[PDB]
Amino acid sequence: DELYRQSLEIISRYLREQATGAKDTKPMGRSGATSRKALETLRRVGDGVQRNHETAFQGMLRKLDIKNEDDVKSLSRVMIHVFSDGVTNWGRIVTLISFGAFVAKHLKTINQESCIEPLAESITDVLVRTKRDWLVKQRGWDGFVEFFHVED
């Protein structure tokens, strides 16, 4: 539905921009203001995650040795497994997307840039299928933006 489209748009845009360093110039779809704020939030908060945990993220990438649209399936099982302790929070969600960006960058450097598309799809599926009820209860991307808002 709309939550799926909005999520895939936000996550795809973030991962592609992280991999290429190019901001997409085209307009967002419905609920564009929330999506633009979600992207601002991912840029800002995802930077803190990736820099605080860069060494660990590097080691994770080495472990997985992702080089094919199929190692991404292994990553999907890992990402679902994150939530198997029954704990959900916005920190875990931003962290998964941040690790996704770290992987997207690696995929570009090894010349598999089109795999950023199935990568974005797999991360989106964890939020909008696996954790749909929590996402909706927490107000979706508006809740995400509010959780990470910068105080005056």
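Sequential numbering from 1, following the sequence displayed. For clarity, a rigid core is taken as the largest C-alpha set superposing within 1.5 Å between two forms.
Novice: After fitting on the rigid core, which stretch moves more in 6 other deposited structures of this protein, 55 to 63 or 83 to 91, going by C-alpha RMS?
Specialist: It is 83 to 91 whose C-alphas lie farther from the shown form in 6 other deposited structures of this protein.
Novice: Quick one: core-superposed, which stretch strays further from the shown model in 6 other deposited structures of this protein, 121 to 129 or 36 to 44? Go by RMS C-alpha distance.
Specialist: Relative to the shown form, the greater RMS C-alpha distance in 6 other deposited structures of this protein belongs to 121 to 129.
Novice: Quick one: say whether 115 to 123 or 87 to 95 has the higher mean Cα B-factor in the deposited entry.
Specialist: Mean B over CA atoms: larger for 115 to 123.
Novice: Mean CA temperature factor from the deposited coordinates, higher in 35 to 43 or in 56 to 64?
Specialist: Stretch with the higher mean C-alpha B-factor: 56 to 64.
Novice: Considering every modelled residue of the chain and its Cα B-factor in the PDB entry, is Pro27 in the lowest, middle or highest third?
Specialist: As the PDB entry reports it, the C-alpha B-factor of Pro27 lands in the highest third of its chain.
Novice: Looking at the temperature factor on the CA atom of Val136, which third of the chain's modelled residues does it land in?
Specialist: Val136: CA B-factor falls in the middle third of its chain.
Novice: Among the modelled residues of its chain, does the C-alpha B-factor of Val103 lie in the lowest, middle or highest third?
Specialist: Middle third - that is where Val103 ends up once the chain's C-alpha B-factors are sorted.
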